[PDB]
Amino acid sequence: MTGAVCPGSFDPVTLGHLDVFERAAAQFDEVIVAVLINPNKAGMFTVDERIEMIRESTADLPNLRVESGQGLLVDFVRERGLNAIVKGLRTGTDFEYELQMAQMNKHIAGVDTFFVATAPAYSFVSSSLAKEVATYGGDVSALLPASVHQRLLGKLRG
């Protein structure tokens, strides 16, 4: 009956993210991807756009589901009967802040955080950098799920 939550803003989800999802799904009975949107800064995609892109990318993971959340991440995790978070590490990760959030989350609700390093091929993509490169005409297609890539072109052509 094990389980973990993979949280993030996922604007959009990248192959770095998907790699983390897959490993979480391989090692825990149940995985929930929590789409948690920053309230002070709306992004490129709407919440249900973000959710759809993740669902499309994770169709081959039977024990994974995708839900949006508001408020504390630890409440999202516990309200679903779990108490484990899985986060990815990549080139550019602010690991010090990850550690700060991990300790805070453990303190306030007893939720553990597990970190896993993303695959080297996907270690340098992030949502913001992929969007920036794409805005300026660069090819980030090898770093994003195919479904995301087309939607991203749409949002930019607009």
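For clarity, a rigid core is taken as the largest C-alpha set superposing within 1.5 Å between two forms. A residue's number is simply how far along the shown sequence it sits, counting from 1.
Superposition on the core shows that, in 9 other deposited structures of this protein, the C-alpha atoms drift more in one of 88-96 and 65-73; this is 88-96. Among other compared entries that model residues flanking residue 40, a third or more give it no coordinates. Stretch comparison (29-37 versus 100-108) by mean CA B-factor in the PDB entry places 29-37 on top. Here 48-56 and 111-119 are compared by their mean Cα B-factor, and 48-56 comes out higher. In the PDB entry, residue 140 places in the middle third of its chain by CA B-factor. Among all modelled residues in its chain, residue 88 ranks in the lowest third by Cα B-factor. Sorting the modelled residues of the chain by their CA temperature factor places residue 15 in the lowest third. In the deposited entry, the Cα temperature factor of residue 134 places it in the middle third of its chain's modelled residues.
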